[PDB]
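Numbering-wise, the sequence shown is residues 647 to 956 according to my numbering.
Note that CB positions come from ideal geometry on N, CA and C, so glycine has one too.
Here is the structure we will look at.
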Amino acid sequence: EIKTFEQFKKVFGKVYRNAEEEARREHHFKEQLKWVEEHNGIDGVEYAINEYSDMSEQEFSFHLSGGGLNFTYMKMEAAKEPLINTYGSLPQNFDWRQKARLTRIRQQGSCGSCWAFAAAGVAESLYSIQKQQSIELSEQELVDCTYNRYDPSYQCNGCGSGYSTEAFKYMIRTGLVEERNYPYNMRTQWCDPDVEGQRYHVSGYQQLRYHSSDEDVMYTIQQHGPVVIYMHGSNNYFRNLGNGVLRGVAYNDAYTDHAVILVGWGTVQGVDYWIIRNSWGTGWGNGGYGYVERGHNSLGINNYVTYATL
Ligand SMILES: *[C@@H]1O[C@H](CO)[C@@H](O)[C@H](O)[C@H]1NC(C)=O
Ligand SMILES: [Cl-]
Ligand SMILES: [Cl-]
């Protein structure tokens, strides 16, 4: 129910370092609100304003990944082959939200940390799935302690941009303490390594072949749990997604700037979709979850799929 800027301002409590900045800012909100009203309900899909609606597509994309994702680096670590192709048949519907008590939806806020939330999310899922333990891990510890300037053995850039594979690497070698012990501030800080508290590890991770088939991905999800994917988060349709199944968007997209989690799949009246766990609060999508059509590498969903192992 946000009709122009300072309802948006007081709802999301936005402070502006300047008056020059606000002028450049409600125009983007107006044109984002413009995009929302003209698209809401089309193809029976809900779109809606959110905390990010004051940035342009260019700005938001930079907000997510600081224009600095080395795809060459990301492609090099992938498996080179599809899965051994002997797994039987796949169920039409599969939803880890129903097979396990997954942890609550998180909110990365004004920090390009999706890579950290996606990795932590997969790890938390696995602890629920294999041990029936609900834990909340510290994304902030990932942001700071995989920071390249802090530890050159890692390639992440904090709130700038990052790699979920690098995050899992950290979860193997060091492990993460819980949120309580290293709380989230949506900013790059100096790594605190003398944080005590129990540490939660994974033992391994594997990135699937670039452009993996839906079937490989679905099977991976079935056998290894929720998976990290990298996709085109700053796309207008995905950006403002509420309820509904996003169809016909960005087929075979090569441009990726956002990390999220696949937790399953389903079919609704002829339409095959993915279930996406996002890190933008329960206000986005349907309670923080979104639905994107399968079968077309929509928004680059199949480009960089990674699972982990406890
Ligand atoms: C990207 O990564 C590749 C392989 O790790 C490296 O050779 C290249 O120099 C990197 N480029 C940039 C711009 O970081
Ligand atoms: Cl390692
Ligand atoms: Cl920062």
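- Ranked by Cα distance from residue 874, the options 951, 808, 816 and 892 are led by 951.
- Here residue 816 carries a helix assignment [DSSP, helix/strand/coil].
- Not one heavy atom of ligand 2 falls within 8 Å of the beta-carbon of residue 743.
- If you draw a 10 Å sphere on the C-beta of residue 815, you find 16 or more other C-beta atoms in it, and that means buried.
- Residue 762 holds the alpha-carbon nearest to the alpha-carbon of residue 876 among 803, 834 and 762.
- DSSP places residue 674 in no beta strand (DSSP E) but in the uninterrupted alpha helix (DSSP H) bounded by 665-685.
- The secondary-structure analysis by DSSP pairs residue 911 across a beta bridge with 740 and 920.
- Cβ atoms of residue 853 and residue 724 come within 8 Å of each other, at about 5 Å.
- Residue 848 sits buried, since 16 or more C-beta atoms from the chains shown fall within 10 Å of its C-beta.
- Checking the 8 Å criterion, the Cβ of residue 804 is within range of a heavy atom belonging to ligand 3.
- Inter-segment contact for the region 748-759 and the region 923-931 is present: three or more beta-carbon pairs are separated by less than 8 Å.
- Nearest to residue 819 by alpha-carbon distance, out of 845, 830, 832 and 834, is 845.
- Assigned with DSSP and collapsed to three states, residue 955 falls in strand.
- Excluding its 5 nearest sequence neighbours in each direction, residue 811 has C-beta neighbours in its own chain below 7 Å: 723, 851, 853 and 952, listed in chain order.
- Distance from the CA atom of residue 859 to the CA atom of residue 946, rounded to whole angstroms, is 12 Å.
- Separation of residue 910 and residue 872 (C-alpha to C-alpha, rounded to the nearest whole angstrom) is 7 Å.
- In this chain, residue 888 is not harboured by any beta strand (DSSP E), its DSSP state being neither H nor E.
- Contact between residue 833 and residue 757 holds: their C-beta atoms lie close to 6 Å from each other, under 8 Å.
- When C-alpha distances from residue 740 are compared across 919, 930, 941 and 749, the shortest belongs to 919.
- According to DSSP, residue pairing for residue 832 in a beta bridge does not occur.
- Here the distance from the Cβ of residue 794 to the nearest heavy atom of ligand 1 is not below 8 Å.
- Boundaries of the beta strand (DSSP E) around residue 877: 873-877.
- With a cut-off of 8 Å, the C-beta of residue 833 is classified as near ligand 3, since at least one heavy atom of the ligand falls inside that distance.
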